[PDB]
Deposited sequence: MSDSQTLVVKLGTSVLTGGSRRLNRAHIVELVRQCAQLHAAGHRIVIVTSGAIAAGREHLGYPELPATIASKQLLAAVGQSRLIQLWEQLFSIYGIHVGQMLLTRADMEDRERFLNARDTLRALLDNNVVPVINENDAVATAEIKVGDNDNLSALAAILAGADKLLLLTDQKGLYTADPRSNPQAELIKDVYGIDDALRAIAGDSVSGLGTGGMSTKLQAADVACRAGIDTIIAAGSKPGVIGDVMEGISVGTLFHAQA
């Protein structure tokens, strides 16, 4: 019966590839999350967009390429990002709990177990956790974070599936934009099989699929804009590239 599923939303899914956060699109996703929540499933959101959101809200100001500029953007953006997620879910009367984690926080073993406990406490009490890199405080630029963070979250939260919503249909045999040849690779079996099958942020997705399948957790790369995507993934309907678990 009652599945647990982590959904990762990268920046382009969230902005619909614009430089403004796209609420029509997000609400479309929240919706699917609520239907499953109402069926008594457990949902975890790993959200990007903190910086995008901060640029928007501040009217795209001109800033030095310091770390302090990524961070202040992130401070402002996350306050909005969270509010946004809080309100959309609130519509379907589901609560959300904001978790900001650093790459550091995760390698610290004690904090790692803590987080496991808290994630489960959240779900246990029907709350959707909305996790993100703690970018206003995180020392380390971007860079596919987030993909990895999400696969950690999948483990800690005891996930049955990890869904990596991106701006293309899955994983291809080569660059599809410059290629009439490219297949959408329906199934993959662990990373080594991926890297053989293929001889845009797509490497860190291959990376997260590793960490997660090696942890017993199926992981999917799929288009975030595909109607009904999230439910379909629960039912194991084929929808993008499925990276089976070991």
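>> Relative to the deposited sequence, which regions have no modelled C-alpha positions in the structure?
In response: Model skips 1-2, 143, 203-211, 259 of the deposited chain.
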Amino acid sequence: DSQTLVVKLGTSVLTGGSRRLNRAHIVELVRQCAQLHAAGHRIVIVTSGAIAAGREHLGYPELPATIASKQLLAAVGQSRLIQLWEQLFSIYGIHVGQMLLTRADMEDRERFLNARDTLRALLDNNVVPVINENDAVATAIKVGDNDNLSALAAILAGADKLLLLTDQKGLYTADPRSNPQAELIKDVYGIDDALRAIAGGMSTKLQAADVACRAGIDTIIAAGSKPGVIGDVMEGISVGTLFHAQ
From here on, numbers count along this sequence of modelled residues.
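> Of 103-111 and 159-167, which one has the bigger average CA B-factor?
Replying inline: 103-111 has the higher mean C-alpha B-factor.
> Per the PDB record, is the mean Cα temperature factor higher over 205-213 or over 27-35?
Replying inline: For C-alpha atoms only, the mean B-factor is higher in 205-213.
> Among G77, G93, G97, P176, which carries the highest Cα B-factor?
Replying inline: Across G77, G93, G97, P176, the entry lists the biggest C-alpha B-factor for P176.
> With respect to the C-alpha temperature factors reported in the PDB entry, which of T139, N134, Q83, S150 ranks highest?
Replying inline: Across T139, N134, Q83, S150, the entry lists the biggest C-alpha B-factor for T139.
>> Which third, lowest, middle or highest, does the C-alpha temperature factor of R20 belong to within its own chain?
In response: CA B-factor rank for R20: lowest third.
> Hey, what third does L58 fall into on Cα B-factor, ranked over its chain?
Replying inline: Ranked within chain, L58 CA B lands in the middle tercile.
> Hey, what third does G49 fall into on Cα B-factor, ranked over its chain?
Replying inline: As the PDB entry reports it, the C-alpha B-factor of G49 lands in the lowest third of its chain.
> Sorting the chain's CA B-factors, does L5 end up in the lowest, middle or highest third?
Replying inline: As the PDB entry reports it, the C-alpha B-factor of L5 lands in the middle third of its chain.
> For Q181, does the deposited CA B-factor place it in the lowest, middle or highest third of the chain?
Replying inline: CA B-factor rank for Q181: highest third.
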